[PDB]
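Worksheet: one structure, shown below.
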Amino acid sequence: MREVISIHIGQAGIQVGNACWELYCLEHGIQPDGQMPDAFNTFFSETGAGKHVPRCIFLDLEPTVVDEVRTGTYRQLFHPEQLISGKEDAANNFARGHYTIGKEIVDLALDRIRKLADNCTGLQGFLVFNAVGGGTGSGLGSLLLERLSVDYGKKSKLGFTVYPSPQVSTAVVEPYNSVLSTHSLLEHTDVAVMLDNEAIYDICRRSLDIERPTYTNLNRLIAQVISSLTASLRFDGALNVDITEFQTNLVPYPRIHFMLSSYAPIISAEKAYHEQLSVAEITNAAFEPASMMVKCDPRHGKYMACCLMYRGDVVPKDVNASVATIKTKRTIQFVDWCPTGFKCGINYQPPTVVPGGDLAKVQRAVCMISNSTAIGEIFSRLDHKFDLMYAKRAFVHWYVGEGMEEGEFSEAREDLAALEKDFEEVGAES
Amino acid sequence: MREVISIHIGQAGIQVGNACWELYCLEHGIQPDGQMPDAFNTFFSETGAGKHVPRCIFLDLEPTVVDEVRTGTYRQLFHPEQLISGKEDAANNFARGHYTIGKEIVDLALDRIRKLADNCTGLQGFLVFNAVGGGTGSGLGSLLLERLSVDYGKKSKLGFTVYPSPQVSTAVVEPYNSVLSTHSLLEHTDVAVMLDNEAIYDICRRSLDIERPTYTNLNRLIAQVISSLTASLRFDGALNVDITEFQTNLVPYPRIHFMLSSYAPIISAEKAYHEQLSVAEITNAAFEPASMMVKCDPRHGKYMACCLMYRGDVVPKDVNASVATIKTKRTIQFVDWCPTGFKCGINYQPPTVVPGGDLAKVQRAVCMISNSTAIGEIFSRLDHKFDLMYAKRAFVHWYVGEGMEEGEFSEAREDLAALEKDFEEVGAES
Amino acid sequence: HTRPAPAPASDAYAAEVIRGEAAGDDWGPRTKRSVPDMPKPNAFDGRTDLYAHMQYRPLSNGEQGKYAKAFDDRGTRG
Amino acid sequence: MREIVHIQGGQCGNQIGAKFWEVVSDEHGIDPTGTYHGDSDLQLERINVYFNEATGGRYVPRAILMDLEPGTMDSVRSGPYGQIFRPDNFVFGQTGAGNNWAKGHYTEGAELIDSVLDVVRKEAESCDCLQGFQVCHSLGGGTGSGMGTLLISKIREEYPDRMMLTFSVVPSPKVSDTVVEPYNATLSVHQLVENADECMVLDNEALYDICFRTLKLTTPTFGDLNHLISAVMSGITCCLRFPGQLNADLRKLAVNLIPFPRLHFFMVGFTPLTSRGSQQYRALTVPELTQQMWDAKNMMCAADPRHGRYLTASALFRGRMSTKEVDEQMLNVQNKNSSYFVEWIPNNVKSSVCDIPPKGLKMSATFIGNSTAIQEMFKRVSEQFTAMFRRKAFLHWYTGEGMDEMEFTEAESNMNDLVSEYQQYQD
Amino acid sequence: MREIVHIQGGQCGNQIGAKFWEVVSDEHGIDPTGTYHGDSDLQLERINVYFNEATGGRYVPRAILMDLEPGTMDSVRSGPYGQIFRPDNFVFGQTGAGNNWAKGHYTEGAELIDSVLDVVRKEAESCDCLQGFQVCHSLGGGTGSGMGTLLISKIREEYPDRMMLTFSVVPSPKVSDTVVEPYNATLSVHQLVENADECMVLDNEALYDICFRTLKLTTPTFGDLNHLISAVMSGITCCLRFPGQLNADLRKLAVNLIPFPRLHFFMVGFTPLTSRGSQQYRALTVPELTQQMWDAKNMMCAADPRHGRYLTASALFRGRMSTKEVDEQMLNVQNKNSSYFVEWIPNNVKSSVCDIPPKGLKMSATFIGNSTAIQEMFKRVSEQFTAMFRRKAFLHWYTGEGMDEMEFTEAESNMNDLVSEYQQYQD
Ligand SMILES: Nc1nc2c(ncn2[C@@H]2O[C@H](COP(=O)(O)OP(=O)(O)OP(=O)(O)O)[C@@H](O)[C@H]2O)c(=O)[nH]1
Ligand SMILES: Nc1nc2c(ncn2[C@@H]2O[C@H](COP(=O)(O)OP(=O)(O)OP(=O)(O)O)[C@@H](O)[C@H]2O)c(=O)[nH]1
Ligand SMILES: Nc1nc2c(ncn2[C@@H]2O[C@H](COP(=O)(O)OP(=O)(O)O)[C@@H](O)[C@H]2O)c(=O)[nH]1
Ligand SMILES: Nc1nc2c(ncn2[C@@H]2O[C@H](COP(=O)(O)OP(=O)(O)O)[C@@H](O)[C@H]2O)c(=O)[nH]1
Ligand SMILES: [Mg+2]
Ligand SMILES: [Mg+2]
Ligand SMILES: [Mg+2]
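Protein chains in written order, with PDB author numbering: chain GH, 1 to 37, 47 to 439; chain HH, 1 to 37, 47 to 439; chain n, 292 to 369; chain GG, 1 to 427; chain HG, 1 to 427.
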């Protein structure tokens, strides 16, 4: 039986995970106490009689984001040893989450991952949720990902990470914390899906006509993208896409493995009645940069490998005609050496709507995860933000004093400088 | 007819045995007064009509702890004269418990053993519960071990001794009394099953989730192991492993006979509803170093021979599938000359739960009782305490007065030194 | 006279299996759910199969008017 | 009393045989529970070509469904007419080849080949006369192409005197479904030339087009597409299952359609394709089954047959028909357009008539064409393979399971070699 | 009119025979009360082979139960079909051997061997003409291994003109069930090779893989294993209990299966094993029972028969079958793969036909084969003993109870001779 393990690290990880597992329990009919009144084996672990346990852990050094899960409406759902807390947070410091307080808790992190991996029969990959801005998501995620490649070799590891926006960011050492994270998520994480908070602010602004979006609204459709990514395991359809199928189709080179994300239908409860939702409309909607979930413009770069995972009443012919209409457009430009850029997946389960949520019930939905050379704009800008702040040694004594040395800033900068060289070299036309 | 008698000497011995016959009277359904409203034949004597007396003796030099048994909840169940008292305690001195004041009370203990063995048809083995850190348990326990060896010769004896921990220990002359006891155990006790208090404190802290463990909580789950290692005689299963099997299969050499302990499913009431407890999962928890009842690292040593007893509904095949997964793991090791190293025992009766106890009703249970070469480390640290302390002739005036001689610490030193020579030599490859 | 203890109570009964007295169903639970009504019955007459075209069945009188009015399977354009 | 053993791999192979064994079953009149309730005596005469008789009237096929995921068989577990199969013949994997040709062939391939060939060997010895082995799989995928093409090479080693029908679908030129599509296709055709004896070329874009302009359907599912493929596979062995005025078995087509041993890639066609709107108005006589046989729109391959010459063609007619009308119509197509046929072979057309039509149809015919226009399909896949290999993109996966670039250069060498001899014969 | 004396030893063979007398009584048709209620008169014709008459229609089997602990005697008595057993044949001790070869053989076995030889001779004298001595025990334990090899040594001295089948379960290589298994295994086979005329060696891992891969059974117990060994054990003496077209007794087995006195080691198997839901798809015919007969997976031994050439073979067919059809796969398995058989023995396979099938089955067969793959079974035990006796471990439980280390060296003297001679004829 197929199974995927999701680790939730840092403040973004749990708050996505509360939205992620809320979407998961409504799909399988499982109530919040854990009782369903044959496909739950992907995410839920059956124990006893009529009890389902999520196959996930909440790892965060700050206890005040985990305790609200331990006292909320999901008390009876999670296993209490899966919820791993700590004495004090890493305080957006990469050195604390990696050296000082990170090593004191990562031993207990592997103790339950091994328990989750032993209960699994057939494992296909890992999900990791973190934010590189904060040192719990950045440093402890770097420590856990480095350890997992040593502990569980050659297995898939899905990186659902959140990056600082160009114009928007809510911390000061985020240029410092993102660059040091890119030394680990380059050489360990095999598939990394960038997310960006301001692009989802814009997505919630126009498509969902919400003037005042919050962190709950953003993470609810974060849950929609991941659930659409792994709906192929849980339900049957025309063209299934497995985790290792997902990894060999979109990673042409072992370092060129960062991919975009786009969920096409975001419609309100009042605009759903007036929109004629067909597979031609949603496929053109996904490639629009308005529906792009990261603040980058794909027109500058080249699309290199794309996958389109369809949910609902999608018949296999016009979706094959919808891809042809995308290829004819000069705006969506592909790289020269790849004449076959599209992967297609169709599942027959329409996306569930949470009660009290903001999304409307749609009969068709597509999620695009695409590898592009326009993601170099994400890294080069965060490279410029780091290079300006490092030039006068700002916020270094906090990082150096907690175990680090100055030499790890030069290695991480050189590693990220190779990525910008690699993106330009790969995307060059010959 | 299977029958095993148990003796209980020292403050550890009675208080462990208080919980031992608390669980023993619950498995057979007998009320605490002594009436059942023939697996009870191996632990209870059918006395007339409706009356039953346990086939064990309680004995202590201190008159304190016997009275709270005599005036506790088990005044009617126990035999009034099987309870053996004393004028005064041995007071942390091996000299007092073995020579001066235990001698006037050992002979009243010897005849009641003869009264117990004459009443039963066929006896199987000897169980002794004591602590070598004190005077009464180490002194009269060794004094009885001389007498039962010469009287009831060559009979299988299995011992449960509460040794000092390297960190937590409650007496200053405690390393003296352990060294003097070990000179008696090696030539006389067949298989010595080790115990340690703070390892059971640790297994109450992280597993049962109680932050205030006491001596009552430790002895309650010690009795779970004692019932599990004698569960083959009481209830029927696949592979019956009696006490005669246990010695001849698990001790390789006359001077190499020490033993570890484990009990993997140790789960509170709230924790039980989420754990999926299969044979494969409970097997992996027993061999992990965190779940043993003495603080020694089995990674530091090498296992010599192992024995596993399974209780509850265990099918006889995933026990063999778990063994194959155990032996293929590199983190567990065996000595090179012992290829066949596991004894399988399956019983069908699940462990009972005491009312008010923190242990929940679990349908499967495994106890891992294994010889190891890591027991040299718990004997090296305890001998390191003695050599640094005997160099100044400290605390000797208490010892030489009550029948001991000054030189007797030297033969007990080289006897433990010979044991350390045995443990290092047999773990060496060739 | 040892105390009876409950069996694991498997559904195995290999004697019954090897004699073939009880058939049962050896297959496990079906995975990947079971989606209802996918692929959908088409509008402009309910077509869930190509059996009509591959068996050359005659058109019914209650359905002949649809193809009288329209050419393709898109419904009632005019 | 000759037999065909059916073996299938991947997502594409298993879904076809879910419909293929469905189409065969009601032609022979046996229920999904397996019992026979047919009204014709001629159905039970030749059942052994495709079914094992069992106790109580059960009929179980020579079907060996191979996959590396439990997902495909789960559809076969619950799909219609999926209970007829032998449960022992469901060899399965757990890891999944992951759309990788290297994983299905070399590294993870070896753990299941010794088990799947055991199921094949049990069925091969049970039936007496083996006409050949029939496989249905994909080429752009990795589970049914990577594991399948090694299985074809192994079974030619054990049984070298038996024919090999392969119904392998092809990467579409207009559209694409996977990203490593030309990688897994060129590695499979490089092996399909050496082991397989005859190949039927299929692709979804021609099956999509043939459902639009010939059937007037704007919503074709895969199950609609699998039915037209399943009609072709029944038409090849319609001579074995049923009598006829002129008989042509599987090996008779092999000596007809294959002039030289490497030219075994054919294109298929099914004749009575009528839309329901225009169903009544068309008549059923041999001249109008022939006029839809030779149409370029009726071909279920990418290649336009108007571009290349027909080296040899075959026709598998089914029905009560005049032998002249079979003969004269296929003689008229040798005179009306003789520039589309090869001059240095006389009478490029093989014809055969079976007196038992399919269910409901008064007449039917199946076309197999060894055209040299198939080089247009093989050129495009080789064009995509050289584009991605010269950048070495998506190659760090294939070298991960134990491949070096020697056979990748060899695969392009044999691909360029086989397309070179097609264009040499076209001049 | 020939009868078999059955011996059960230890906690294994008592539980083995509890399921073995379940099958034989049900095959002969007696209820748990003991009265006969079968519908076949031929079923009651040969009852003296396995049961004895009693006043009132009761039937008491002629077998003994032997161990040193009364706990396992409570299991066989309280279980199903346990009330039929002779209370006088319940010979048992109180100490328990405790997995030691010394206890059951010399020290505490001696007070029970003299008790059981008085018991064993009672049915030996009461029965009219002895045919053989079946035992069922283990070699890894001490209750039935060390005590059993003394009884089989003692019973041959009194009765040196009879054959003896032994059914001894040998310790498995993959899984360890007792630490001192290589002691008791080497010392028991040391007694058997001088004494045991023939032997059916089994193991627990083969019965696991049979009941997983073939029976497709999820969580089985030992009652499922003890039925399959009972299916073999009843099939050994099918020709004695029932008439047939060609009958073969224990000596017919012996005369055709041991070319040399020291090469007496066999391997067993039960042929018609089908899954829980696969019995409606099978075809119960003589081609496919022989297909399951010679498969390596189907054998009940740790040895792989493809590794070592078969020195000889046996077949115990039961049911209604064509003797020509029986002879033609048995000739086919000689010719299709002759490289896996010995060359200096023509007609390597013996066959027999019994006219009565087992209960609930139309046809069945049992294979007995002396091969040089049991060479691989002893090499693991010889590797275990030699790599461990060098450090003289665990000897204080042995040398303190009556025998010296020189006996252990003598166990190395002949077990190294057994492994030498089996490999010699392989060349
Ligand atoms: N989309 C989304 N982003 C979040 C959410 N919570 C936090 N973030 C992002 O996380 C960044 C802050 O860094 P974090 O990784 O959350 O900090 P942390 O996890 O608390 O790490 P420590 O402070 O060391 O404990 C912000 O810039 C946000 O963009 C959330 O609920 N949804
Ligand atoms: N686990 C456990 N250990 C105990 C218990 N009671 C006493 N001990 C141990 O016994 C040690 C003291 O040695 P004892 O021989 O029992 O002391 P004593 O029996 O009163 O002998 P004297 O001190 O000479 O009177 C302590 O260090 C404890 O670790 C108990 O109830 N449970
Ligand atoms: N006719 C048909 N083709 C299919 C179906 N499913 C997938 N395919 C084709 O298979 C190709 C992809 O190969 P894939 O299914 O991944 O092969 P696999 O990896 O062996 O399972 C695509 O070009 C599809 O057109 C189906 O149900 N019917
Ligand atoms: N197949 C089978 N094997 C058994 C059974 N009981 C015990 N065994 C095997 O016997 C071995 C233990 O030896 P044991 O039976 O105790 O020998 P004993 O001490 O002489 O009675 C283990 O390896 C078990 O696998 C049974 O009922 N069936
Ligand atoms: Mg925080
Ligand atoms: Mg005291
Ligand atoms: Mg002919």
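Just so you know, even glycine gets a beta-carbon here, dropped at the ideal spot from N, CA and C.
task = Starting from the C-beta of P357 (chain HG), find all residues in its chain whose C-beta is less than 7 Å away, skip the five residues before and the five after it, and write them out in chain order.
result = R318, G319, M363 and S364
ask   = Who are the neighbours of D88 (chain GG) on chain HG, taking C-beta pairs under 8 Å?
value = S275, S278 and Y281
request  = Can you check the stretch 180-218 of chain GH for any beta strand (DSSP E) of at least 3 residues that lies completely inside it and give the ranges in chain order?
outcome  = 200-205
key: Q91 (chain GH) versus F52 (chain GH) - alpha carbon distance   = 14 Å
task = In angstroms with no decimal places, state the Cα-to-Cα distance between residue 438 (chain HG) and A232 (chain HH).
result = Limits of chain HG in this structure are 1 at one end and 427 at the other, which puts residue 438 (chain HG) out of reach.
message = Quick check: does the Cβ of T340 (chain HH) come within less than 7 Å of any heavy atom belonging to ligand 1?
response = no
task = Could you name the residues of chain n that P70 (chain GG) contacts, counting a contact when the two beta carbons are closer than 8 Å?
result = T322
query = When Cβ atoms are compared, which residues of the stretch 172-200 of chain GG fall closer than 7 Å to chain GH?
reply = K174, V175, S176, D177, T178, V179, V180, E181 and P182
key: Runs of alpha helix (DSSP H) wholly within the stretch 11-87 of chain HG (minimum 4 residues, chain order)   = 70-78
ask   = What distance in whole Å lies between the Cβ atoms of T145 (chain GH) and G10 (chain GH), which are believed to be in contact at a cut-off of 8 Å?
value = 4 Å
Between the CA atoms of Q329 (chain GG) and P307 (chain GH) - distance to the nearest angstrom = 57 Å
query = Where do the ends of the beta strand (DSSP E) carrying residue 437 (chain HG) lie?
reply = Since the first residue of chain HG shown is 1 and the last is 427, residue 437 (chain HG) is not available in this structure.
task = Report all residues from its chain with a CB closer than 7 Å to the CB of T399 (chain HG); omit the five preceding and five following residues, and keep chain order.
result = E405
query = Any chance the stretch 374-388 of chain HG sits against the stretch 337-352 of chain HG, with 3 or more Cβ pairs inside 8 Å?
reply = no
ask   = Should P364 (chain GH) be labelled buried (16 or more other beta-carbon atoms within 10 Å of its own) or exposed?
value = exposed
message = Looking at the secondary structure, which residues open and close the alpha helix (DSSP H) in which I4 (chain HG) lies?
response = It is not in any alpha helix (DSSP H) - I4 (chain HG) instead sits in the beta strand (DSSP E) that spans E3 to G9.
query = How big is the Cα-Cα spacing for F296 (chain HH) and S271 (chain HH)?
reply = 8 Å
request  = Output the distance between the C-alpha atoms of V232 (chain GG) and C211 (chain HG), rounded to the nearest integer angstrom.
outcome  = 42 Å
inquiry  = Less than 8 Å between the beta carbons of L204 (chain HH) and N380 (chain HH), yes or no?
reply    = no
task = Give the straight-line distance between the Cα atoms of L70 (chain HH) and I93 (chain HH), rounded to the nearest whole angstrom.
result = 8 Å
task = Quick one: give me the first and last residue of the alpha helix (DSSP H) that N293 (chain HH) is part of.
result = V288 to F296
query = What residues sit near ligand 5, counting only those whose C-beta is closer than 6 Å to one of its heavy atoms, in chain order?
reply = GH:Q11, GH:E71, GH:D98, GH:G143 and GH:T145
task = Verify the CB distance criterion: does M345 (chain n) have a CB-CB separation below 8 Å to chain GH?
result = no
key: is_contact[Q15 (chain HG), chain GG] using C-beta, thresh 8 Å   = no
ask   = Whose C-alpha, out of HG:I84, HG:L217, HG:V49 and HG:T186, is nearest the C-alpha of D317 (chain n)?
value = HG:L217
key: C-beta neighbour in chain n for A48 (chain GH), strict 8 Å   = yes
key: Beta-carbon separation (whole angstroms), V60 (chain HG) vs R86 (chain HG), contact threshold 8 Å   = 5 Å
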